[PDB]
RNA sequence: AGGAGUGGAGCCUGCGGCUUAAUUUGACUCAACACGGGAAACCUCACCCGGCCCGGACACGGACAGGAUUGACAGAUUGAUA
């Protein structure tokens, strides 16, 4: 029923992870942005380094790509598969670019659609 | 009974000794010594002098979105576009 951003993001990030995409970390996410292979950016909050977040806003703005501002980067690490080991490990991933469409070539779920619906307004 | 011999010469080969950084070593009566199919330039390769590589699965902990991987130049190689 309800598919708010904070629950469709997990679905879209996972579904991308099965089908490549998901450029994790500031490096290679900046590469996806400059190379213009990106379709969605997920910047995490509570990032101490101001230059980090400011530069990723700059990249997204100039490249005209949507930007999601989630909190608790560790949760982003869970979502993008950085955790592994059941539910242990958990490195922070405070930025991620969803290459080859917001969704992936495997499936086109409506959870992808809610993202663009929320971004249109 | 004899034939061809060889042991003598020079050379080719295997063995010991000597030598050497190293002259890798197995096998000393028949039943070791042109034997290991052993005619070694490299390779072979075991030996000697130098120098790269991990091709140290996997399990458990650290570190980690930057763990870690290549690398052009000049030095340097106390040999090399290592």
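Methodologically, a virtual Cβ is constructed for each residue, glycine included, from the backbone with ideal geometry; neighbour enumeration extends over all protein chains shown. Where a number appears in this text, it was derived from the coordinates with a stated rule and is not lab data.
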Open item on the list: Just want to confirm a number: the relative contact order over chain A, from Cα pairs under 8 angstrom separated by 6+ residues, in percent.
Closed with: 40 percent
- [ ] Can you tell me how much longer the chain between residue A:92 and residue A:19 gets when fully stretched, taken as 0.36 nm per residue apart minus their C-alpha distance, in nm with one decimal?
- [x] 24.1 nm
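With a ≥ b ≥ c the root eigenvalues of the C-alpha gyration tensor of the stretch A:1-48, is it rounded (a/c under 1.5), prolate (a/b larger than b/c) or oblate? Please report the intermediate quantities before stating the final value.
Numbers: a/c = 2.29, a/b = 1.39, b/c = 1.64.
Note, shape of the stretch A:1-48 comes out oblate.
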Task: chain A, helix-only ellipticity at 222 nm - DSSP H runs n ≥ 4, -39,500 (n - 2.57), divided by all residues, nearest 500 - done: -14000 deg cm²/dmol
- [ ] Note down the Stokes-Einstein diffusion coefficient of the stretch A:1-113 in µm²/s, whole number, using a Kirkwood radius over alpha carbon pairs, 10 °C, and 1.306 mPa s.
- [x] 113 µm²/s
- [ ] May I ask you to sort A:47, A:41 by Cβ crowding, counting other Cβ atoms within 10 Å and putting the fewest first?
- [x] A:47, A:41
Task: Calculated FRET value between residue A:45 and residue A:84, using beta carbons and R₀ = 25 Å, to 0.05 - done: 0.60
- [ ] Mind checking the full-extension length gain between residue A:118 and residue A:3? Use 0.36 nm per residue of separation minus the Cα-Cα distance, one decimal, nm.
- [x] 40.3 nm
- [ ] Report the full-extension gain for the segment residue A:57 to residue A:107: residue separation times 0.36 nm, less the Cα-Cα distance, to one decimal in nm.
- [x] 15.1 nm
- [ ] Just the number, please: percent antiparallel of the DSSP beta bridges in chain A, rounded to the nearest 5.
- [x] 50 percent
